[PDB]
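> Handing you a structure now.
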Number of protein chains: 4
Amino acid sequence: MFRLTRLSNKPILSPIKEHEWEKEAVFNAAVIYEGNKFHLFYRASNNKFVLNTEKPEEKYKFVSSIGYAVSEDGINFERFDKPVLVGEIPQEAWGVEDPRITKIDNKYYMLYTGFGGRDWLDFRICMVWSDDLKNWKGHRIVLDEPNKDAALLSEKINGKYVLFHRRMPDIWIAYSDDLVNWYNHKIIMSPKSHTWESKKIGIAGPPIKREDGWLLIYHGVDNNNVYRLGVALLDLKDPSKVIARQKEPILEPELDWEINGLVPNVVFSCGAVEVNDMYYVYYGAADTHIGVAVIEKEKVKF
Amino acid sequence: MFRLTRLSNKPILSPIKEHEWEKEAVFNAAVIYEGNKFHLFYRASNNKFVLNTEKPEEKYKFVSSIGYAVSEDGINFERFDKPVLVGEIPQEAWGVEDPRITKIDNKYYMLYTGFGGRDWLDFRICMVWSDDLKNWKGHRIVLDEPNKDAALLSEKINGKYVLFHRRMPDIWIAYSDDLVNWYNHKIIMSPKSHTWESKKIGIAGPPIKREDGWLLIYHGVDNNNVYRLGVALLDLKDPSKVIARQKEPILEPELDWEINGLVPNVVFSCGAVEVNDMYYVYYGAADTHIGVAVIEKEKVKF
Amino acid sequence: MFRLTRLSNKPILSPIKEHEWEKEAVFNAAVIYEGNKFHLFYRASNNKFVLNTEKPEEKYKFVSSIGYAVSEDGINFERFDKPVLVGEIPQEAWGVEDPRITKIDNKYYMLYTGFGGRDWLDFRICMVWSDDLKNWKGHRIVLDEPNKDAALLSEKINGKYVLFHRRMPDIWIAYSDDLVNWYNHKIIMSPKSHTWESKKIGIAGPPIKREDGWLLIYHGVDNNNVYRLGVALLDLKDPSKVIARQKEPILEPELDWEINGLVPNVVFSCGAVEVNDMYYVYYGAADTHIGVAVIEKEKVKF
Amino acid sequence: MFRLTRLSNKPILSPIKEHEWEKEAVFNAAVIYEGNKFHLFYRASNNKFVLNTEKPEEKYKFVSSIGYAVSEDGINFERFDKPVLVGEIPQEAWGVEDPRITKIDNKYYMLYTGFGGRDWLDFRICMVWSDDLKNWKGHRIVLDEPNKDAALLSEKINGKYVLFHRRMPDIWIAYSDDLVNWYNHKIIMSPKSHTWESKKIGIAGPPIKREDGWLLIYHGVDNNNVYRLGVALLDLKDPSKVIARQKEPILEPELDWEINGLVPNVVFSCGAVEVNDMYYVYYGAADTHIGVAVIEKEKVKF
Ligand SMILES: OC[C@H]1O[C@H](O)[C@@H](O)[C@@H](O)[C@@H]1O
Ligand SMILES: OC[C@H]1O[C@H](O)[C@@H](O)[C@@H](O)[C@@H]1O
Ligand SMILES: OC[C@H]1O[C@H](O)[C@@H](O)[C@@H](O)[C@@H]1O
Ligand SMILES: OC[C@H]1O[C@H](O)[C@@H](O)[C@@H](O)[C@@H]1O
Ligand SMILES: [Zn+2]
Ligand SMILES: [Zn+2]
Ligand SMILES: [Zn+2]
Ligand SMILES: [Zn+2]
Ligand SMILES: [Zn+2]
Ligand SMILES: [Zn+2]
Ligand SMILES: [Zn+2]
Ligand SMILES: [Zn+2]
Ligand SMILES: [Zn+2]
Ligand SMILES: [Zn+2]
Ligand SMILES: [Zn+2]
Ligand SMILES: [Zn+2]
Ligand SMILES: [Zn+2]
Ligand SMILES: [Zn+2]
Ligand SMILES: [Zn+2]
Ligand SMILES: [Zn+2]
Ligand SMILES: [Zn+2]
């Protein structure tokens with residue numbers, strides 16, 4: 001088995017109480033590595049996360065925003081006073097969550113969860129895109145259904161866009177001619193009962209192309225809602241086929257700010273990039289902080 | 001197949017009309033047996049409990065206080081003219097409810113529900129502690145979320161403090177290194193459909209240590225909001241594991257002042273202590289009075 | 001140790017398919033003995049009773065009406081083309097159920113359940129009255145709450161009217177000065193676990209005055225929703241006190257048309273009169289037909 | 001604990017494109033072992049299943065038929081050109097579903113869900129019978145209510161026909177003297193929260209008589225609508241009494257044609273037979289194909 005190794009025993013991004021939109025939490029962050037820079041797009045919450053109510057209650061409302069941070073070494077990030085993305089329509093009344101960014105041809109696609117807070121199924125995969133990672137346009141509901149953990153493949157298979165999504169509790173794949181209509185939905189990977197990944201699974205960041213397949217980092221949730229990261233390999237030509245899947249996780253809550261926090265016992269990645277023959281996996285921790293762990297790509301064997 | 005036996009067919013503590021803070025109800029009492037004396041910390045209400053309005057309304061406002069009473073024989077108590085704990089404004093503006101007190105090493109921890117009355121979900125588990133059952137301090141919100149039916153285990157498990165709580169409608173467990181931050185949340189016990197405990201369950205008093213495990217008295221609520229008491233046995237080394245659970249209740253409303261009162265059909269315990277090879281279980285009755293019922297320790301078997 | 005004896009092995013009243021309002025069911029009938037005639041006011045349903053849906057569904061809507069029938073011998077009844085009372089639309093959209101008629105000071109009070117059908121709790125005790133059993137008037141919601149199984153006592157107690165009602169699952173008593181406002185609500189009788197009357201109880205017909213107390217026939221419901229009739233005796237001067245209660249039912253489904261029907265396994269009385277020192281107990285059978293059973297006044301011994 | 005073992009990693013029956021009535025799905029099959037042959041009566045659909053519309057839409061109409069197939073070995077089946085049961089119009093306009101066939105005293109009773117498609121509650125338990133498995137007659141609505149998952153016991157109990165049915169979400173039992181009118185309704189088994197069988201349960205095929213009880217294979221539905229097979233044992237003399245119930249499933253969606261199909265994540269049995277000390281469990285897979293799994297009888301242990 002292989003596993004990620006943290007670069008810091010402390011977060012690389014933490015909430016800023018002076019900033020309302022990231023007052024309580026910064027986590028679950030998309031990343032792409034473009035101009036020799038790490039472009040990090042992080043979920044941020046103005047509030048703690050009451051989840052145990054029958055419906056989302058306005059008195060316990062939290063608002064998710066996406067922030068931007070940039071770094072050259074992967075560790076130290078420059079941050080900004082304001083978020084780059086917020087919810088603007090009622091379906092995103094409780095904000096925009098867990099972004100995954102994929103570059104296809106020469107455009108960047110950010111897939112996030114729009115949460116409206118009207119009930120606990122009131123969340124949708126949404127998409128905006130940009131030429132430049134700065135000006136997001138063309139907001140759309142990707143699937144009109146309670147769904148999340150969505151990512152696009154960085155290229156087309158047989159001329160089709162590929163979407164990973166997550167009809168509970170499985171990782172699903174779907175295909176599109178036009179990034180509008182999705183078809184040939186199917187389950188590509190399922191939880192394993194009586195294990196750390198028993199309750200549900202979902203893609204982590206967008207799959208990373210390798211020579212032996214597409215690297216599929218994913219999160220698994222156990223019966224007590226611990227989020228841990230696992231890893232699987234998709235067939236290179238047919239990313240609907242899992243060709244390998246590591247039995248044990250590659251990241252689990254270990255440090256205090258991963259075990260303890262707003263949502264205890266969570267590590268969760270929305271983004272990972274290949275940089276200098278290493279995979280940089282940025283992860284939310286306890287839905288409160290962002291850490292980063294790496295693995296030399298040479299060590300990724302199944 | 002065992003039951004509690006009421007020590008009296010009359011309440012042992014009743015409201016005092018002359019005391020505003022306990023004019024209408026005394027009930028749901030934490031219990032500690034120290035210095036050959038029963039220490040009762042009882043919920044007290046200045047008012048009946050109108051609960052069927054959309055929001056808590058000032059004209060139906062009730063305020064819970066924690067009063068204190070002490071007894072050598074368990075039946076006759078010395079009472080006090082003012083309560084020993086009242087709610088801070090505004091988070092506990094409608095008062096402090098259902099204390100459970102746990103002695104860990106040489107400190108006493110009182111967990112109770114702070115109710116702010118700003119919404120019907122405006123309640124949370126709070127904690128105060130004392131080394132003497134007299135000077136309570138160090139107030140903190142245990143879980144910042146709508147939650148109640150909370151109690152500490154009387155000792156640490158693998159070096160962690162153990163919290164029992166109640167995200168609706170199950171009995172949960174959680175662990176802490178510092179009595180501030182809780183993690184490893186786990187459901188340990190659930191309602192049982194089509195039984196007296198179908199709607200919801202919650203811990204009673206803190207679990208009593210035995211050689212065969214932890215005695216976990218609890219309350220079950222049926223479809224008609226009748227509150228009864230039941231018993232389970234937790235594993236001694238992992239109290240998250242229920243190793244036995246009696247099907248039948250050990251106490252149910254039977255006497256007129258358990259069936260009739262401010263909230264009909266309630267027996268509810270927030271404390272039970274081992275004295276002279278007997279379990280003394282103090283219980284609110286109809287959210288109006290306090291009774292006491294016992295079981296010979298030898299009769300506790302599953 | 002005592003039981004009712006069916007007068008007839010035949011329903012004394014059955015639905016009439018050609019009459020929409022009583023096409024499927026005649027049952028749960030109020031009865032008054034006046035002018036040496038049995039005056040039966042029976043619940044009639046246009047439809048079968050689909051009760052297993054999560055909510056009442058318009059497609060399975062049933063409409064209860066109240067018909068009149070009159071007999072001189074209490075066995076053979078004359079009937080009429082049209083109901084005497086109908087649910088006013090929409091507040092009683094699914095009709096008017098289970099009438100209980102009490103005579104007080106030459107006025108007849110009919111208490112019935114108005115059912116709006118908007119959810120399964122959309123029911124309440126309504127009351128009309130008359131001084132001739134023909135011209136019903138004065139409709140009012142007796143208690144603004146989900147409630148049923150209501151009857152008035154046939155005289156005042158210490159100057160106050162007496163209402164029996166049924167906040168689930170118990171028989172309740174309440175008092176009024178004006179037949180509009182009720183106070184001093186109190187449970188007087190409860191189901192008994194692990195018996196034929198375990199799930200709930202409710203009053204049957206209005207209590208019958210005796211020299212030794214108030215005869216309180218009631219229905220009890222077991223864990224499988226079988227309806228049987230029990231009997232208790234209320235203190236003559238304080239009918240809040242049950243002074244006797246028979247362990248075993250006095251009537252239970254035995255005949256095919258009591259065991260089988262629109263609601264299987266039901267006998268249910270809303271009406272019982274004393275005629276020549278016999279109690280004539282009229283009963284719905286399987287919510288489909290009406291039977292009559294009797295017991296000599298002298299054999300009512302507890 | 002024990003598990004079924006699939007006889008093939010491929011379906012034993014699959015849709016047949018040139019037969020419209022079974023063009024898209026063959027699944028949920030009744031089975032009878034007579035004349036040393038497996039007689040399979042399988043549900044068949046002319047269409048994919050759109051189930052998430054607000055009402056059953058003509059534009060997505062599917063029609064279920066019952067096809068017949070026969071096999072010597074239980075694996076290789078001869079099939080036929082026409083279905084053997086189709087729905088009456090209009091109450092069964094969307095066809096006849098999920099047959100369970102019980103032999104009682106030289107008569108064969110097929111219980112199925114008749115679905116009329118007029119709304120999503122427009123289904124009911126229907127029954128036909130034959131003495132030859134070929135000439136089905138005596139159509140009747142078994143319970144005139146939204147209900148399904150029905151099967152008859154292969155014997156009477158104290159002279160009574162025994163019906164298993166499923167008022168949501170439990171397995172119910174009921175009894176009849178005439179195969180027309182049903183009474184003594186009783187819940188016998190219920191879903192279990194926070195398990196694979198939390199949402200609802202329903203009988204699989206008719207229970208199989210054993211020396212130690214009736215084998216009740218059933219299906220359990222989790223919170224994500226995954227269908228799995230479980231197994232319980234009913235008391236031999238009193239099959240309303242569950243005397244054992246395995247915690248783990250005996251069969252779960254595992255193969256791709258069980259996980260992906262017209263309805264994902266479904267294994268479902270309507271029939272199982274004992275041949276030569278093995279139970280053959282026929283199961284629909286993803287509401288699309290039919291597989292068959294077995295368990296040696298010796299290994300069936302509670
Ligand atoms: O998407 C709504 C909600 O779903 C889950 O509860 C978590 O992923 C939350 O962080 C999220 O906000
Ligand atoms: O906790 C707030 C409120 O919760 C419930 O409604 C009851 O337990 C009340 O007694 C309590 O005051
Ligand atoms: O009152 C609503 C409804 O309640 C019960 O289900 C039965 O008594 C029905 O006959 C009645 O219509
Ligand atoms: O019963 C009607 C309809 O409802 C269910 O959800 C499914 O089993 C369908 O296959 C069936 O046709
Ligand atoms: Zn700033
Ligand atoms: Zn959106
Ligand atoms: Zn996820
Ligand atoms: Zn005083
Ligand atoms: Zn507090
Ligand atoms: Zn639960
Ligand atoms: Zn509780
Ligand atoms: Zn019981
Ligand atoms: Zn006529
Ligand atoms: Zn009315
Ligand atoms: Zn009733
Ligand atoms: Zn009998
Ligand atoms: Zn053909
Ligand atoms: Zn039919
Ligand atoms: Zn149920
Ligand atoms: Zn089912
Ligand atoms: Zn399992």
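Note on naming: chains are A, B, ... as they come in the structure tokens, residues start from 1 per chain, ligands start from 1 in the order shown.
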Using only C-alpha atoms and a distance of at most 8 Å, pull out the residues of chain B that contact chain A, as a PDB file with C-alpha atoms, in the first residue's frame.

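Dumped to part.pdb:
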ATOM      1  CA  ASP B 144     -22.531  24.065  19.503  1.00  0.00           C
ATOM      2  CA  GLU B 145     -25.619  22.528  17.988  1.00  0.00           C
ATOM      3  CA  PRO B 146     -29.166  21.607  19.000  1.00  0.00           C
ATOM      4  CA  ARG B 167     -28.423  14.101  18.005  1.00  0.00           C
ATOM      5  CA  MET B 168     -32.054  13.253  17.311  1.00  0.00           C
ATOM      6  CA  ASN B 181     -13.420  19.675  21.644  1.00  0.00           C
ATOM      7  CA  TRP B 182     -15.318  16.501  20.849  1.00  0.00           C
ATOM      8  CA  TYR B 183     -14.545  13.947  18.165  1.00  0.00           C
ATOM      9  CA  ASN B 184     -15.106  10.310  17.201  1.00  0.00           C
ATOM     10  CA  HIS B 185     -18.859  10.876  17.319  1.00  0.00           C
ATOM     11  CA  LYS B 186     -20.724   7.599  17.147  1.00  0.00           C
ATOM     12  CA  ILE B 187     -24.298   6.387  17.374  1.00  0.00           C
TER      13      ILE B 187
END
> Need to verify the contact set: residue B:129, 10 Å, only C-alpha atoms, exclusion of same-chain residues closer than 3 positions in sequence. Can you return it as a VMD selection string?
chain B and resid 101 to 103 107 to 111 132 to 140
> Would you kindly return, as number ranges by chain, each protein, DNA or RNA residue with an atom no farther than 7 Å from any atom of stretch 88-97 of chain C, considering only C-alpha atoms and excluding same-chain residues fewer than 5 positions away?
C: 43, 61-66, 112-117
> Could you list, as an NGL selection string, all the residues within 9 Å of ligand 10, counting only C-alpha atoms and all ligand atoms?
(:B and (167-171 or 187 or 189-191 or 200)) or (:D and (193-194))
> Would you export the selected residues with N, CA, C and O atoms as a CSV table (one decimal), in the first residue's frame, please?

chain,number,residue,atom,x,y,z
B,167,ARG,N,-27.9,13.7,19.3
B,167,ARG,CA,-28.4,14.1,18.0
B,167,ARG,C,-29.6,13.2,17.7
B,167,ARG,O,-29.6,12.0,17.7
B,168,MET,N,-30.8,13.9,17.5
B,168,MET,CA,-32.1,13.3,17.3
B,168,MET,C,-31.9,12.1,16.3
B,168,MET,O,-31.2,12.2,15.3
B,169,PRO,N,-32.6,10.9,16.6
B,169,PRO,CA,-33.2,10.5,17.8
B,169,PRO,C,-32.4,9.4,18.5
B,169,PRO,O,-33.0,8.6,19.2
B,170,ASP,N,-31.1,9.3,18.3
B,170,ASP,CA,-30.3,8.3,18.8
B,170,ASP,C,-29.4,8.7,20.0
B,170,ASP,O,-29.2,9.9,20.2
B,171,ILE,N,-29.0,7.8,20.8
B,171,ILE,CA,-28.0,8.1,21.8
B,171,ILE,C,-26.6,8.0,21.1
B,171,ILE,O,-26.3,7.0,20.5
B,187,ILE,N,-23.0,6.9,16.9
B,187,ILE,CA,-24.3,6.4,17.4
B,187,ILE,C,-24.0,5.1,18.1
B,187,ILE,O,-23.4,4.2,17.6
B,189,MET,N,-26.9,3.7,20.2
B,189,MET,CA,-28.1,3.1,20.5
B,189,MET,C,-29.2,3.9,19.8
B,189,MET,O,-29.2,5.1,19.8
B,190,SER,N,-30.3,3.2,19.4
B,190,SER,CA,-31.3,3.7,18.5
B,190,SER,C,-32.7,3.3,19.1
B,190,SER,O,-32.8,2.3,19.8
B,191,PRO,N,-33.7,4.1,18.7
B,191,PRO,CA,-35.1,3.7,19.0
B,191,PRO,C,-35.4,2.4,18.4
B,191,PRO,O,-34.6,1.8,17.5
B,200,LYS,N,-37.9,8.2,20.0
B,200,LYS,CA,-36.6,8.7,20.3
B,200,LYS,C,-36.2,8.1,21.6
B,200,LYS,O,-37.0,7.6,22.4
D,193,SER,N,-33.0,0.6,11.7
D,193,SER,CA,-32.4,1.9,11.4
D,193,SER,C,-30.9,1.8,11.3
D,193,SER,O,-30.3,0.9,12.0
D,194,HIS,N,-30.2,2.6,10.5
D,194,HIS,CA,-28.8,2.6,10.4
D,194,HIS,C,-28.3,1.3,10.0
D,194,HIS,O,-27.2,0.9,10.4
> Please return, as a PyMOL selection string, all residues of stretch 184-258 of chain A that DSSP assigns to strand (DSSP E) on the basis of the backbone.
chain A and resi 184-189+200-203+208-209+214-221+227-234+242-245
> The selected residues should be written to file as a CSV table (one decimal), in the first residue's frame (atoms: N, CA, C and O atoms).

chain,number,residue,atom,x,y,z
A,184,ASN,N,-25.9,8.2,-20.3
A,184,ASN,CA,-25.1,7.0,-20.0
A,184,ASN,C,-24.5,7.1,-18.6
A,184,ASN,O,-23.3,6.8,-18.4
A,185,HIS,N,-25.3,7.6,-17.7
A,185,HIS,CA,-25.0,7.5,-16.3
A,185,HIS,C,-24.8,6.1,-15.8
A,185,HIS,O,-25.6,5.2,-16.1
A,186,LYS,N,-23.7,5.8,-15.1
A,186,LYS,CA,-23.5,4.5,-14.5
A,186,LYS,C,-22.6,4.6,-13.3
A,186,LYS,O,-21.9,5.6,-13.1
A,187,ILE,N,-22.8,3.6,-12.4
A,187,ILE,CA,-21.9,3.5,-11.3
A,187,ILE,C,-20.6,2.9,-11.7
A,187,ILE,O,-20.5,1.9,-12.4
A,188,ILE,N,-19.5,3.6,-11.3
A,188,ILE,CA,-18.2,3.1,-11.6
A,188,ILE,C,-17.5,2.6,-10.4
A,188,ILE,O,-16.6,1.8,-10.5
A,189,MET,N,-18.0,2.9,-9.2
A,189,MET,CA,-17.3,2.5,-8.0
A,189,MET,C,-18.2,2.7,-6.8
A,189,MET,O,-18.9,3.7,-6.7
A,200,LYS,N,-20.4,5.8,2.2
A,200,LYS,CA,-20.4,6.4,0.9
A,200,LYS,C,-19.0,6.7,0.5
A,200,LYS,O,-18.1,6.8,1.3
A,201,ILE,N,-18.9,7.0,-0.8
A,201,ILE,CA,-17.6,7.4,-1.4
A,201,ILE,C,-17.9,8.5,-2.4
A,201,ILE,O,-19.1,8.6,-2.9
A,202,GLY,N,-16.9,9.3,-2.7
A,202,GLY,CA,-17.1,10.3,-3.7
A,202,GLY,C,-15.7,10.7,-4.2
A,202,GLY,O,-14.7,10.5,-3.5
A,203,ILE,N,-15.6,11.1,-5.4
A,203,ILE,CA,-14.4,11.5,-6.0
A,203,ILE,C,-13.8,12.6,-5.2
A,203,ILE,O,-14.5,13.4,-4.5
A,208,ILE,N,-6.2,12.5,-12.3
A,208,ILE,CA,-4.9,12.9,-12.8
A,208,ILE,C,-4.4,11.9,-13.8
A,208,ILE,O,-4.2,10.7,-13.4
A,209,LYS,N,-4.2,12.3,-15.0
A,209,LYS,CA,-3.8,11.3,-16.0
A,209,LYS,C,-2.4,10.8,-15.7
A,209,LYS,O,-1.4,11.6,-15.4
A,214,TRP,N,-5.9,6.7,-15.2
A,214,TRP,CA,-6.3,7.9,-14.5
A,214,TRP,C,-6.2,7.7,-13.0
A,214,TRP,O,-6.9,6.8,-12.5
A,215,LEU,N,-5.5,8.5,-12.3
A,215,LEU,CA,-5.4,8.4,-10.9
A,215,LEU,C,-6.7,9.0,-10.3
A,215,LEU,O,-7.0,10.2,-10.5
A,216,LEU,N,-7.4,8.2,-9.5
A,216,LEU,CA,-8.7,8.6,-8.9
A,216,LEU,C,-8.5,8.6,-7.4
A,216,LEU,O,-8.7,7.6,-6.7
A,217,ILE,N,-8.1,9.8,-6.9
A,217,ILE,CA,-8.2,9.9,-5.4
A,217,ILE,C,-9.7,10.1,-5.1
A,217,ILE,O,-10.5,10.7,-5.9
A,218,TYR,N,-10.1,9.5,-4.0
A,218,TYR,CA,-11.5,9.6,-3.6
A,218,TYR,C,-11.6,9.7,-2.1
A,218,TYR,O,-10.6,9.3,-1.4
A,219,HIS,N,-12.7,10.2,-1.5
A,219,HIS,CA,-12.9,10.1,-0.1
A,219,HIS,C,-13.9,9.0,0.2
A,219,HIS,O,-14.8,8.7,-0.6
A,220,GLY,N,-13.7,8.2,1.3
A,220,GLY,CA,-14.6,7.3,1.7
A,220,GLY,C,-15.1,7.7,3.1
A,220,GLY,O,-14.4,8.4,3.8
A,221,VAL,N,-16.3,7.3,3.4
A,221,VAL,CA,-16.9,7.7,4.7
A,221,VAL,C,-17.2,6.4,5.4
A,221,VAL,O,-17.8,5.5,4.8
A,227,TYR,N,-14.3,10.9,7.4
A,227,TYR,CA,-13.9,11.1,6.0
A,227,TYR,C,-12.4,10.8,5.9
A,227,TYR,O,-11.6,11.4,6.6
A,228,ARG,N,-12.0,9.8,5.1
A,228,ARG,CA,-10.7,9.5,4.8
A,228,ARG,C,-10.5,9.4,3.3
A,228,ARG,O,-11.5,9.3,2.5
A,229,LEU,N,-9.3,9.6,2.8
A,229,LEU,CA,-9.0,9.6,1.4
A,229,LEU,C,-8.5,8.2,1.0
A,229,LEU,O,-7.7,7.6,1.7
A,230,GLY,N,-9.0,7.7,-0.2
A,230,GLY,CA,-8.5,6.5,-0.8
A,230,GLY,C,-8.0,6.8,-2.2
A,230,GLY,O,-8.1,8.0,-2.7
A,231,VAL,N,-7.6,5.8,-2.9
A,231,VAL,CA,-7.0,6.0,-4.2
A,231,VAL,C,-7.4,4.8,-5.1
A,231,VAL,O,-7.3,3.6,-4.7
A,232,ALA,N,-7.7,5.1,-6.4
A,232,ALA,CA,-8.0,4.0,-7.3
A,232,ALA,C,-7.4,4.5,-8.7
A,232,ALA,O,-7.1,5.6,-8.9
A,233,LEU,N,-7.4,3.5,-9.6
A,233,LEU,CA,-6.8,3.8,-10.9
A,233,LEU,C,-7.9,3.4,-12.0
A,233,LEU,O,-8.5,2.4,-11.9
A,234,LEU,N,-8.1,4.4,-12.9
A,234,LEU,CA,-9.1,4.1,-14.0
A,234,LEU,C,-8.4,3.7,-15.2
A,234,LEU,O,-7.3,4.1,-15.5
A,242,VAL,N,-12.6,1.0,-13.3
A,242,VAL,CA,-11.6,1.0,-12.3
A,242,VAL,C,-10.7,-0.3,-12.5
A,242,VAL,O,-11.2,-1.4,-12.5
A,243,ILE,N,-9.4,0.0,-12.7
A,243,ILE,CA,-8.5,-1.1,-12.9
A,243,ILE,C,-7.8,-1.5,-11.7
A,243,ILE,O,-7.3,-2.7,-11.6
A,244,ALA,N,-7.7,-0.6,-10.7
A,244,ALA,CA,-7.1,-0.9,-9.4
A,244,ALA,C,-7.7,0.0,-8.4
A,244,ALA,O,-8.2,1.1,-8.7
A,245,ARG,N,-7.6,-0.5,-7.1
A,245,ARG,CA,-8.2,0.3,-6.0
A,245,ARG,C,-7.4,-0.1,-4.7
A,245,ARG,O,-7.5,-1.3,-4.4
> List all protein, DNA and RNA residues that have at least one atom no more than 7 Å from any atom of ligand 5, counting only C-alpha atoms and all ligand atoms, and write them as a ChimeraX atom specification.
/A:18-19,81
> Quick one: residues within 8 Å of residue D:272, only C-alpha atoms counted, chain neighbours fewer than 4 positions away excluded, as a VMD selection string?
chain D and resid 30 to 32 205 to 206 208 279 to 282
> Distance limit 9 Å, reference ligand 21, atoms considered: only C-alpha atoms and all ligand atoms. Which residues make the cut? Give them as a ChimeraX atom specification.
/A:193-194 /D:195-196,247-249
> Restricted to N, CA, C and O atoms, what would the selected residues look like written as a PDB file, in the first residue's frame?

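Writing the result to result.pdb gives the following:
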ATOM      1  N   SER A 193     -18.589  -2.438   2.273  1.00  0.00           N
ATOM      2  CA  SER A 193     -19.202  -2.462   3.581  1.00  0.00           C
ATOM      3  C   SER A 193     -18.232  -3.062   4.603  1.00  0.00           C
ATOM      4  O   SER A 193     -17.276  -3.762   4.259  1.00  0.00           O
ATOM      5  N   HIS A 194     -18.455  -2.722   5.871  1.00  0.00           N
ATOM      6  CA  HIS A 194     -17.587  -3.155   6.962  1.00  0.00           C
ATOM      7  C   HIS A 194     -16.134  -2.703   6.764  1.00  0.00           C
ATOM      8  O   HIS A 194     -15.193  -3.429   7.085  1.00  0.00           O
TER       9      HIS A 194
ATOM     10  N   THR D 195     -29.004   0.567   9.130  1.00  0.00           N
ATOM     11  CA  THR D 195     -28.552  -0.681   8.527  1.00  0.00           C
ATOM     12  C   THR D 195     -28.878  -0.659   7.044  1.00  0.00           C
ATOM     13  O   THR D 195     -29.527   0.263   6.530  1.00  0.00           O
ATOM     14  N   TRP D 196     -28.438  -1.719   6.359  1.00  0.00           N
ATOM     15  CA  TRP D 196     -28.781  -1.897   4.958  1.00  0.00           C
ATOM     16  C   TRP D 196     -30.280  -2.091   4.749  1.00  0.00           C
ATOM     17  O   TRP D 196     -30.742  -2.034   3.605  1.00  0.00           O
ATOM     18  N   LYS D 247     -28.421 -10.733  10.639  1.00  0.00           N
ATOM     19  CA  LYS D 247     -28.095  -9.318  10.529  1.00  0.00           C
ATOM     20  C   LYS D 247     -27.559  -8.988   9.137  1.00  0.00           C
ATOM     21  O   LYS D 247     -27.989  -8.012   8.517  1.00  0.00           O
ATOM     22  N   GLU D 248     -26.634  -9.803   8.618  1.00  0.00           N
ATOM     23  CA  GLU D 248     -26.042  -9.512   7.322  1.00  0.00           C
ATOM     24  C   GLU D 248     -26.962  -9.951   6.190  1.00  0.00           C
ATOM     25  O   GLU D 248     -27.707 -10.923   6.322  1.00  0.00           O
ATOM     26  N   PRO D 249     -26.919  -9.251   5.067  1.00  0.00           N
ATOM     27  CA  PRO D 249     -27.605  -9.740   3.864  1.00  0.00           C
ATOM     28  C   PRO D 249     -27.059 -11.091   3.423  1.00  0.00           C
ATOM     29  O   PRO D 249     -25.912 -11.454   3.692  1.00  0.00           O
TER      30      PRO D 249
END
> Fewer than 2 positions away in the same chain doesn't count, so skip those; otherwise give me all residues within 7 Å of stretch 153-165 of chain C, counting only C-alpha atoms, as an MDAnalysis selection string.
chainID C and resid 102:104 148:151 167 171:177 179 206:207
> If I take atom CA of residue D:126 and atom CA of residue D:147, how far is one from the other in Å, to one decimal?
9.7 Å
> What does the list of residues within 12 Å of ligand 17 look like if you count only C-alpha atoms and all ligand atoms, written as a list in words?
residues 15, 16, 17, 18, 19, 20, 21, 22, 23, 67, 78, 79, 80, 81, 82 and 83 of chain D
> Residues within 9 Å of residue C:4, please, as an MDAnalysis selection string. Count only C-alpha atoms; anything in the same chain fewer than 5 positions from it doesn't count.
chainID C and resid 250:251 279 281 293:296
> Which distance in Å separates atom CA of residue A:299 and atom CA of residue A:246, to one decimal?
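So the two atoms, atom CA of residue A:299 and atom CA of residue A:246, lie 12.9 Å apart.
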> Would you list the contacts of stretch 34-40 of chain B as a PyMOL selection string, taking every protein, DNA or RNA residue within 7 Å and counting only C-alpha atoms, but skipping same-chain residues closer than 2 positions in sequence?
chain B and resi 29-32+42+68-72+74
